Each structure stands twice: as structure tokens, then as C-alpha cells.
Amino acid sequence: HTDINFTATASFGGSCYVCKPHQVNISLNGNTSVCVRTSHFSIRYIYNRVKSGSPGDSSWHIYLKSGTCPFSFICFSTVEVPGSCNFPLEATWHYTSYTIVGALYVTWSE
Amino acid sequence: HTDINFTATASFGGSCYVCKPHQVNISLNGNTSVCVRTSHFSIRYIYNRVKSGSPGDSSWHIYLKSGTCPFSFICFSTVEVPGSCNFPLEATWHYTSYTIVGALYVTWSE
Amino acid sequence: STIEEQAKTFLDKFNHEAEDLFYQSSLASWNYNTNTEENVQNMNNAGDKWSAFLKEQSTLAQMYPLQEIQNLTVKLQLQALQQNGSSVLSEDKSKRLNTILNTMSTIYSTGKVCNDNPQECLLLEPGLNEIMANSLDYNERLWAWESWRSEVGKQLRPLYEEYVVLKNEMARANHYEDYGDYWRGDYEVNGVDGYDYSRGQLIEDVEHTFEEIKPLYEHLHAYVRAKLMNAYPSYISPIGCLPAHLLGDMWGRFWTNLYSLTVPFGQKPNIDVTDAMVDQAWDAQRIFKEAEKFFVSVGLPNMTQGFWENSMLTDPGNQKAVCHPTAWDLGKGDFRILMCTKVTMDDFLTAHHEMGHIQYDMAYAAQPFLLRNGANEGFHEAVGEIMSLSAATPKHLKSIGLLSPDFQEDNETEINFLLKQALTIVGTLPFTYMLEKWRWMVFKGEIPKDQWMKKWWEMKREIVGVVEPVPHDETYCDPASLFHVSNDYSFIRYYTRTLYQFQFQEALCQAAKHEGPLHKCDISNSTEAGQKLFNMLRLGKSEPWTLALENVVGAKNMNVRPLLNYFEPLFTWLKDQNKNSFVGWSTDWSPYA
Amino acid sequence: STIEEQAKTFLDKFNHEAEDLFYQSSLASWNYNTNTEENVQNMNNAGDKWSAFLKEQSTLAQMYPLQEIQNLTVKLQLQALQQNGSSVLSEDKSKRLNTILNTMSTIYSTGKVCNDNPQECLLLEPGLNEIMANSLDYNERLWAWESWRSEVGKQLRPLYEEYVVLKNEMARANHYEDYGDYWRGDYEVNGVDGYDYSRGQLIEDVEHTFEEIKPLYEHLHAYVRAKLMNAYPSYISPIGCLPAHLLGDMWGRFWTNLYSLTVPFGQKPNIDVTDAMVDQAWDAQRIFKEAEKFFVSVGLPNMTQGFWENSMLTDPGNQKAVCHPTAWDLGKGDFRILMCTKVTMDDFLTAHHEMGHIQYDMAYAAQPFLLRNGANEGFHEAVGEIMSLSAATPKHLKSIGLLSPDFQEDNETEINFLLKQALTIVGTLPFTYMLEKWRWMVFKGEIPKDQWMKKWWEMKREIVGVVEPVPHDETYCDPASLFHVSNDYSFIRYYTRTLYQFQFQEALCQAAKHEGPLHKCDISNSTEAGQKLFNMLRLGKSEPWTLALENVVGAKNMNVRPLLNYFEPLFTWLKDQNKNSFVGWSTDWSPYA
Ligand SMILES: *[C@@H]1O[C@H](CO)[C@@H](O)[C@H](O)[C@H]1NC(C)=O
Ligand SMILES: *[C@@H]1O[C@H](CO)[C@@H](O)[C@H](O)[C@H]1NC(C)=O
Ligand SMILES: *[C@@H]1O[C@H](CO)[C@@H](O)[C@H](O)[C@H]1NC(C)=O
Ligand SMILES: *[C@@H]1O[C@H](CO)[C@@H](O)[C@H](O)[C@H]1NC(C)=O
Ligand SMILES: *[C@H]1O[C@H](CO)[C@@H](O)[C@H](O)[C@H]1NC(C)=O
Ligand SMILES: *[C@H]1O[C@H](CO)[C@@H](O)[C@H](O)[C@H]1NC(C)=O
Ligand SMILES: *[C@H]1O[C@H](CO)[C@@H](O)[C@H](O)[C@H]1NC(C)=O
Ligand SMILES: *[C@H]1O[C@H](CO)[C@@H](O)[C@H](O)[C@H]1NC(C)=O
């Protein structure tokens, strides 16, 4: 069968640290979308903070909200696909500011 | 034999009490001189204060000093007689002021 | 016959009759206090007969023209006797002034403050005086102070106004400026070679002897306020005057009293021998006997037996009499003291002070009757108070065996004692000056009826540094609440008294060959002094007081310095403390916004 | 491209680089205090690199003409960045001023007074401060006071004279009037619609906010002198100023300290929970956690984990660091507190005061780097102090379970507490006003070199009611003996601080719907307030401070009354005592003849 790390690796500290993460690569097993070809699979959300040097990281949280569609944790995708499922990815410093850094778009067929 | 009260009876308080007694009768058995006719006699000096009303009397003392002649305590006499013996009588208020109020004049023969 | 010679025998016969009748008025007053049943009211009769006699003899000494009197002694008597006096008044006005004086004497004598307890009252004796002496409750002391100055004060007002009218009219008629000018007359002397004293030269020699005593007073005053604040916190401002009812007695005449508060070195063994006595079973008799004994040593007589035998010195309390300590020179070699003696260091010193009076009386009792008196008012008072000093010294207490020589006499006990003395003495000086500075101004007709109280307190604050604790309008009459005001006495005497009092002790210690501070001196044992003293005592009012002084001191007039030099060690110590305190006061502060 | 738009991305890239480097200077300073071996001296390097960076970016923001800047936000940053600053100085003069500032900072930092015991010295830390805090020996405290102002004072003088020269020359070149005018610049704002503030309108609004605060001060002052006299008898005059070395610390900046003497109702159970804590085994951690917890309740965030994990709040003492309680906003979402906590009511309140700082820091950390700061100097200080108030009230202590509800809260404990607060607060206000009224006059060139000290104390006695205990000639330089003077800080902030501080607590308790006296208020539980507060916190120095106030209060400018009304119960009680005390002082008295 086919397992799926859905990774959001993040860095911190542009013109303002705290405002938004610096950069954030969103990835479905390294590449940008993955269509399942072997019925039953496994999907997980990994969140990866790149060492910045300050204990400011670790107060930086990126998690994914619920959103467009029924289930909460068939193809997956970074980037927009007609008839998707936006589990949108929200990034926050210490629950002060929120900023949505992307989404996981899903597409069913039943 | 013959006894002899020689009395000095005094009153107090003229224009000034204390200065001198007011009045003072001096007396040899009532009269003014006495000649002894019976060998051996007895002679005494009595001092008599007349009640005046104040405890000022009693601080008034009339006594007789010694004076002119040998013995200290033949005829006796109030008043002057040639060849006498003045035991003079001195009157004093509280030993402040002295004033001689008379004498007892004596006359011997041996 | 020389009208001098004709007055000579007139005076002889007068002195005889006067000594008889004056023994009668004096024996009857003694008997008023002294003894049973039938003695309560004879005093008043036999006094009016004395009054009757004295009046006749003036109307008859007017016939002896003074100008033709060579003998200085007979001049004086004649002068004294021949004073028209009060009789010189419209019959009704003479009575009405009497009527007034009695009323005033009695209201003060029998004035009482009460409580919803209209039955409960305290009087001035015990009652209030005992409160003003002990109590430490501002409000209570204020209540005592105000209740007295209200109940027996407002009563005295209309009577006191009328009293100055006739009282002046009597002086104005006797060719004195005012009744004030009249009293000053006591210190007057005319027609004696460079020994005179003007009737108004007194005011100046008081005022000009006051500016000199002002610095010492302020440092004592600014010192007490500081220690007072500590006893009454909240109440005493250190810019402003002291609140009268805090001064240890109804008027604040002496501060002697409230001293335990203003004591400097309270750490020290107390110099009150009061209990030392009790421990040696000393009775009222052992006091006076030890005081008699004092005098004997200074070259003076032991008391007349008979002074002993009918002098009341213990209090019967079983009989009731007036316990205010007094010395009585009735006529006829007759001297006694009336004093309700307690075993005390205070009642001990009072003995010396009263017997001093007797000694003065015995000294001059040879002078013609009319001259048997203190050279002036307050000579007599001084001659008694000069004895306390010698008898209230450690040197005295030590030797007399009432205080063991073991007693450490450092500079500490120095101020300890020297302060108490100044509370009593420096204390009263300004009080006194003002009290008469006020009557003087009244009797002159300077202060009108509608400012009497306002001008009084203005002066209390100004001169004495003391404020009324409550505002008083003109329904009040506060000076009248004092004895000597309502009972019609010149008061300035208490001042002059004190001034002389030291000049004596100075020259008298000089004679005793004394060495240190003037306050350690104890003239006892020293006949050398006693004679200097007697030489003036025996004189009575026979030469002018100005000369009488010169006998003891060296000056024709009073002087201030002897007093100041007595207090020198305290004065330079009080500045030490008032280095930082506020020294002086402002008229403008009052404890009532 | 719109120079605004060109400056927009210039600032973007600036903020980035600056946040990196400023995290470097801050991390190295933390490490100076925080940690081992290899940390002692890197701080000083990475700080000069920061300095080098900042200098370049100014020389390059000069190329962005402000006039063409529409965006109010970018304008401000640009304005802030492009200040020629100190660099605008002859190379040598720029170094020489540096040379001076370090020397002055170090002499104060490392100045010690010694004893024939030249080895034994105490420093300002423990040493003397611990004496000025406890000691009750006038001569000893005077020795501490004088020795410090002499050894580390006269050193500072020639340097301080030179320091005003170049320090002015720097301002005069920056088209400010004087270095004084320069510091006031902090409260300035231009070109914002009816929100402006003039550089010199501060002086007036201080002076005119001072006349209003003067009455309350004098009654507090005249009250203390009275209670002081009682602790130091002999030494304190009640017409004149207080002797500096009696005011509970080296300068008399606060009177908080010597209070046990000026306590009103010492009868009462003491409101120091200091030992209540010990009895519940509270560690330094239980304090801060209970303080974080405070904030959480008012609608604000719990501390960043990592603040916890490398913040130093206990003291290693095994390592040695600077224990002066500080809150650190290094870059990069990194906040921590450095504090050598003891189990105390004092260190408890300090926790709230420091964490208040952290909360302000976290609030605005989203604002572009350059504007991350208090709206003006002493906004920050106020936002910390406003927390103490809510956290030092009975209502707080009661609920927090550090004081049982059993506690009787009568009008007695009222003053008991409200006094201590005024000692600390009303205490410092006039001290502060004069200190800067002095430097302002110096930096203007009003006071010459030969009067500096004479005009200083003239002003201490005049404005503050305090006298030097010894004459100081001009070899001295006493203001220089205070931290914020020799370490070159504007001091007037401590004043403005206190004024706002209350305006806040007023409007903030208004939001919490409070009822009684303003001092009983305890905004905890009250999210309603916390948001009013945050609404200004998060703003940083982004809008002008005049507006930032109006968000929380309602006025574009500071106000005095919120403060006065907080102290109303104390004010009408001090008049009560000063009914009789002398209220105010004379310049003319001195403890040295
Ligand atoms: C006055 O009269 C008495 C009578 O004895 C006498 O002692 C005194 O010397 C007389 N004085 C003069 C000055 O004549
Ligand atoms: C005088 O007094 C001392 C003690 O005070 C005593 O010992 C001495 O004997 C006295 N002498 C006479 C003659 O009074
Ligand atoms: C200033 O720039 C920032 C960029 O996002 C923007 O949020 C802000 O609204 C701008 N202000 C104005 C007045 O244009
Ligand atoms: C607020 O504090 C009180 C006591 O101070 C406490 O009992 C209450 O539960 C608190 N509630 C919240 C939501 O913070
Ligand atoms: C995620 O899965 C990959 C294989 O797809 C595996 O090699 C890797 O170790 C996993 N990483 C984590 C963090 O679980
Ligand atoms: C997608 O490409 C990169 C190779 O550079 C790699 O990291 C990632 O694992 C690749 N994914 C898969 C599913 O092979
Ligand atoms: C004195 O003597 C007479 C007789 O001469 C006698 O009667 C009288 O009692 C005596 N008086 C006194 C006092 O002794
Ligand atoms: C002298 O005369 C009177 C008689 O009146 C009498 O008192 C006195 O005793 C007489 N003396 C003698 C000695 O008889």
C-alpha cells in the first residue's frame, strides 16, 4: 500500500518575525500532488520548523484547520483543483496573529 | 526675823510695745525702802507681769543685773541713797532691746 | 510748741491707741480661722471699728502741716496717716464701691462650676486646681479652664467695669492720674537726697528691666512647647502660643506644676525629699523647729514662745479654717503662723518662706507702728522667697541630713533642679508683667469696655506667648478670674519681688563668701549675711526702699542681672536645644481655626 | 517608482537585517549576565557592529525625501531612521564624548567609599543603599551620604562639564536648541491633524501640571518632617527643609523606604504578605506563574514557552549577574525576564511590573521593527506600574489567597496603605521635576560652571523642600551621583510615567466597572479592561502618543487629576494633621548654622 507524509516545513523571520513565517514549503511526499492507486493508504500531517536560533520558534504553530469538506483526518494536492476540499493550513505566532499559509486540496470520487 | 519681797510689777504696751514696758512699780514690801532691825533676814526678787492679753508678755523679761557692790543675792531702797549698791533692774523684750527700769539701792555698815 | 514736737506727741498717743485696736482686729481674724462656736462673725465688726478709728485719725492728721516737719521719721508717719483715701467719695459712691468689692471677693470665693449634674460642682479649691495640676486630658482641662472663666468670670464683668469707675474717681480725686497711677505710688519717694523714685519711673524700670529678661523667657518658652507637644500630640503648634489650660494651673501663673512633662533628665534620682521625711517620722512640728533652727544660725532670734503656744500649724480638720499659708504680725509682741502642714519637701520650704515673713515682722516691730512693713510691696514677699532658695539647695538638704552626702551632684541634676526653679520663677515673670500692663492700660482709660478681652488676649499672645483655647467675647472678664484681680491687689509686686529676691541672694551669698553658681548657695551657718539682711529688715518702711536696697545690695534701684546670672547655666543649655526648635511665637495662630 | 513604494521595500529589507543584528546584540547582552566562561566580552563587540549597521542605514535613508512620503507608517520609520544623531560630530569629538560616557558610567558603576581602613570599602550596591535603607544614626547616614557624593561625585564634575559641551554641540548641530531641547523631542509630534505636541509644550504641561500637584506634596512633606523629628530629635527644624540623608535612600528619590517611622496607624495588622508567602512554600516560579495567571484573566496571552525555558528569574549565585529587575525584548519572538527573585511581597509586585513590560513587548512585536516601543518614554514604565496597583490591593491579595478574607478593611488600613504608596509615588514627583528642571537649565546654558551646585541646592530647598546636610562648593557634582544622570538618561520620564500611570488605572477601572476609591481597584478577571489596554499596547510607537492616550483615556494630553483623585482620602487626612503643624518650608534654614 501507499503511505503519505503531507509536510509543511517552515522557516522564520522576514521584515517581521511573528507577523508570518518567513517561508513555508508545502509538500505531498516531496512533490506537489499525489493520487492514490492502491485502495487503502495512510495520510499524516508533518509540521517541520527549521532551526532559527531563538526560542521564538516553538511558539510558532502551523496546524491545519478543518474546512471545505466532510471528513477531517481520491487524490491530494497543494494548489487548486476543481471540486476540492481545502483543509487550509493556518500559521500563528503564539495565538496572537493568524495567517493562512496554504491548504491541502482533496478530490474524491467515491 | 524679817523677810523681804523686793517686787517689780510691770505692765506692757505704750506708744510702742516691746520698746520698754509701759509701767513698772518697784517696791520693798509694798513701800519704798526697808531698814532691817532684826539680825538675820531673807530677801527675794519677785517679778510680776500684769496680764496684757498677748503672748507678747512672757517674752518680756525684767531681771536684775549685778552692779555697784560685792555681794549679788544694812538697808534697802528704791531711790538713790549716798553710798549705795545699785543692783540695777533691766527690762528686755526677747533680748532684742534693753532698757534699765530702776534699781535696788543697798546700804551696809558691817 | 514746734508743730513737729506737737505732732511728736500726737503720734505717740496715736501709736498707743492704734496698737491696741489693731491687736483687736488681728486677734479677731485669727479667731475666725483658729477656733468652736462664738468666733465666726466678730472679725467683721472689730475690723469696721478699726476702719472707724483710722478714718478719724486721718481727719485729724490734716491739721499737721507736713512742710514744718523736720524729723524725717515723723514726716513719714504723718504723710502715711493723712491720706483722705477712699473716704474722699460721695457717701453713696463710697458704699457702692464697698458693695462692689465684697460682691467680687465673694463670687470668686464662692464660685463653682457644675455638670445634667447641677447638684455636683467642684470649686476652685480642691475641685479644679487639683485638675489643672494633674489631668492630662486636653478636653477636660479645657472644660475646667472655660467653665471657670465663664461661670465666675462673666459674673465679674459688669461689676469690674463699675469698679474701675469709682476706683479711678477715688485716685483722680486724690490727685493721682488713675487708679493705676495710685498703686504705683507704693514705690514712690519724694524729698530724700538722690534717693527719690518717680511714680512712673516704675513702668519704665519694669519695661526696661523686661526687654532684658525677654531672651531667657523665649528659650524657656520654646523649650516647653516642644516637650508639651510630646504630651499633647496634635494640639500644640510650634509657630504659635501655648494654649492657656495646658500651663499647669487655672491661669498659668506658674508652670512649676506641670513639670514632670517638661523635665529634662528624668533618668536622675529625684530631688524630692518628700518621702525621705516620712521615713524619719517628721511631724509638722519638726519642720518649723528645723526652720527656726535655720534662722538661729544666721544671727537671728529663735521664735517667741507663744508663737509656739497659739500658732496653728497642723490643721484641726475636726473646726475648719483657711489653709493658705500665712504669717501673722498682730500687735503686742504677737507673732504666729497659720499653715495646714503636710510632711513634704514643698510644705518644708513653705515653712521657711512663712517664717521669713515672721522674722521680717520681728525685726522691725520696734519701728513706730505706722512704719512696721516691707520697704515696699514685695520686699516682704522677697524676704521669704530668698529663704526657700538657701533651704532648697543640695548643700542644705545634704547637711540637714534629709538627703545622704552619697548624692552625685553632676551637671545633670543641675538643670533638673534649675529648670523646676525657672518653671516657677521665670515662668511667672511675663505672666505678671502683662496682667498689670493690662490694668494699667485699663485704669488709664486706654482700653474701652468693648475691647477689654480682645486687648487682653492680644497682649497674652504678644507678650506672654499664650493663646486662649476658645474665643472670648466681651461678656467675659478673664483677668477677673484671678484672685489678686477680683480681691483688688496690686500684682506687679510679684514681679518686683522676684527681681529683688535675687539681688539679695547675690549680695547675701557674697557675704556668706560663696564660690560657685549662685543657685548652690545656702547662707545658713553664716551670721555675716544674716546681719547684712537684718540691717535692712529692722528698718521696716522707715527709710525709702531705694536706700533699704542699697543696704543689702549696692543699688538705689532694682536690677535684673542678679536673676539672669542665677539662671545662666540653664540659659546657655536651652539655646543648645533651641538650635533647631522654633524660638518665639506668632500672635496669629489659634487652636480654633 | 513612487519613492514611497521605493522606500517601502527599502524598509522591508532594513527590518529584516535589523531584526537579525538586533537579536545578535541582545542575545550577547543576555549572555553577559546569563552564563560559564566565554560570554564576558562578546556583548561589547556585537553591540558596536549593531552601532556600525545603524550608522550606515541612516547615511542611506537620507536619500528618501520625507516630503514625498504618503504612508504615515513609512514616514515615521524613515524619519526615525534618518537621524544624523551623534555621528554629526568631529571624529575626535565623537570619540571624546564616547570616552566620557564610558568613564562616567564606570566611575558610578565602580565607585566605592572607604574608611584608616583603606582596604575596607562598601559600594553603592549593598554597602551604602542597605545603610540608607535601615540605619538610624544621623552621623552614620550623613557619612554615607557625604562620602558617596564626594568620592564618586567630585570625580564626575570635570567630565560632566565637558559632557554638556559636546552633548549640546550634538543637539545644536541637529537643529535642536540644546541637549535639553533634544530630550524633550521624545514627546514631540508634527503634522498629525490636531494631535500635535510642541517640544517646549512639555515644560509648560509639566510646570502647569506641577502647580496642581504642589498642595498635596506639601502636606505630605510637612507630615513626614513631624514624624521624622520624633525619630531624629534635635536634628529637624519645623520651619525648614528635610536633610537629604534622612529620606530613606542615597538621594531621596523615593521615601518608600524609611516609612516604618512615618507609618500612621502602626497598631494595625501589617499588610506585608511577605511572610504569608514563605508559610505556603512559594518559590520564585510560583510568583511569575501567578503573575502570568493575572494577565491571562484580563484577555492577554500566557507567556511564550521559551520565555520560561531560558529566562533567569532565580539568581544562580554560584555565575554572578546583574540583579536589577529587567524585561528583555530581544528580536525573533524572544522574550525573557532577568530577576534575582526572593519570596517577598515586594518581589511579587515587581514580577507584575516586569511582566507588564513583557506584555507591552509582545503586544506590539508585529509593528515594524523601528516602531516596537512605548508610545513615548515612560509609557512603558507606566504600563508596568499600573499592574502593581491592581496587584497590590487587598481585593487582589484577598482573592489570590495570600491574605484571608477575615481581613478587616476599615478606614485605618486605608491610610496605612495609601500613605506607603504616596511615600513612593508622591514622594518622587518633585524630586524628579527638579532634577530635570536643573539639567534643562544647564543644557540651555543658564547656570554657569561656578554656580552649578549653589543653583542645584537652591532648587532642592526651593522646589523639593530638602537641604544639603553639608555645604557643597563647586568641586562637587551631586546630580551626577544618581544613576540616570551619569548614565545619560532623560529623567523627566519618571514624572510623566506617574501621571499617565493613573490616567490609565482610572479609565481602566472605569472599564472594569469599579465602584469605590480608585485605589481599591483590581482589573483582574476583567477582559473588558485588558482589551482597552491592549488596543493601545499593540500600537507601539506607531500612532503619536497623544492619540495612544486618547484610546485608553480620552485626552490627547497627560492629566494630573486622575492621580490627585487616587490620593484624595490621604489628602483630606493630612490637612487634618497639618491643622497645627507648619505646612511648607523655608529655603533659609540649614542644619549647619
Ligand atoms: C525723731 O524722733 C526720735 C525720738 O526719740 C529720735 O530718736 C530721732 O532721732 C528723731 N530724728 C531726728 C532727725 O530728729
Ligand atoms: C552649721 O551646719 C553644719 C551642717 O550644716 C553643722 O555640722 C555645724 O555644726 C553647724 N554649726 C552651727 C554653729 O550652727
Ligand atoms: C502602509 O503600508 C502597509 C503595507 O501593507 C499597509 O498595511 C498600510 O495600510 C499602509 N498605509 C497607508 C496609509 O497607505
Ligand atoms: C477570577 O478570580 C476569582 C478570585 O480572584 C476566582 O474565584 C474566579 O474564578 C476567577 N475567574 C476567572 C475566569 O479568571
Ligand atoms: C515520512 O515518510 C517517509 C516515507 O514516505 C519516511 O522515509 C520518513 O522517515 C517519514 N518522516 C517522518 C518525520 O515521519
Ligand atoms: C519528489 O522529488 C524529490 C527528488 O528531488 C524527492 O525529494 C521526493 O521524495 C520525490 N517524491 C517521490 C514520491 O518520489
Ligand atoms: C511675799 O511675801 C508676803 C509677806 O511679806 C506674802 O504675803 C506673799 O504671799 C509673798 N508673795 C510671793 C509671791 O511670794
Ligand atoms: C505699805 O503700804 C501699803 C498699804 O496700802 C501695803 O500694800 C504694804 O504692805 C505696806 N507695807 C508694809 C511693810 O506694811
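Following Swiss-Prot, chain A residues are numbered 482-554, 566-602, in order.
So how was this one determined? The header says X-ray crystallography, 3.3 Å.
Heads up, the Cβ atoms here are built off N, Cα and C, so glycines get one too.
Features as listed in Swiss-Prot:
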- A:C497-A:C500: disulfide bond (DISULFID)
- A:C516-A:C567: disulfide bond (DISULFID)
- A:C550-A:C577: disulfide bond (DISULFID)
- A:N486: N-linked glycosylation site (CARBOHYD)
- A:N506: N-linked glycosylation site (CARBOHYD)
- A:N512: N-linked glycosylation site (CARBOHYD)
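Sequence-distant contacts of A:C500 (disulfide bond), defined as residues of its own chain at least six apart whose C-beta falls under 8 angstroms from its C-beta, comprise A:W585, A:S589, A:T591. Closest to A:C567 (disulfide bond) in space, going by CA atoms and restricting to the recorded positions A:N486, A:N506, A:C550, A:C577, is A:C577. Screening the recorded positions A:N512, A:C516, A:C550 for a C-beta under 6 A from any atom of ligand 6 leaves A:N512. The Cβ of A:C577 (disulfide bond) lies under 8 Å from the Cβ of A:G548, A:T549, A:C550, A:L596, A:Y597, A:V598, A:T599, A:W600, each of these being in the same chain and 6 or more residues away along the sequence.
Measuring straight across the break, from A:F554 to A:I566 at the CA atoms, gives 14 Å, with 11 residues left unbuilt in between. Cα-Cα distance from A:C497 (disulfide bond) to A:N512 (N-linked glycosylation site): 29 Å (rounded to the nearest whole number).
Secondary structure at A:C550 (disulfide bond), taken from DSSP and collapsed to helix, strand or coil, is coil. Counting other Cβ atoms within 10 Å of each Cβ, the glycosylation sites A:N486, A:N506, A:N512 show the lowest value at A:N512. Closeness to ligand 5 is met by none of the recorded positions A:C497, A:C500, A:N512, A:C516, A:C550, no Cβ falling under 6 Å from the molecule.
A separation of roughly 11 Å, to the nearest angstrom, links the Cα atoms of A:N486 (N-linked glycosylation site) and A:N512 (N-linked glycosylation site). Comparing A:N512 (N-linked glycosylation site) with A:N506 (N-linked glycosylation site), their Cα atoms are 10 Å apart once rounded.
Spatially close to A:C516 (disulfide bond) yet at least six residues away along the chain are A:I566, A:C567, A:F568, judged by Cβ distances under 8 angstroms. Of all Cβ atoms in the shown protein chains, 22 besides its own fall within 10 Å of the Cβ of A:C497 (disulfide bond). Here the recorded positions are A:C497, A:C500, A:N506, A:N512, and the ones sitting under 8 angstroms from chain D, going by CB atoms, are A:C497, A:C500.
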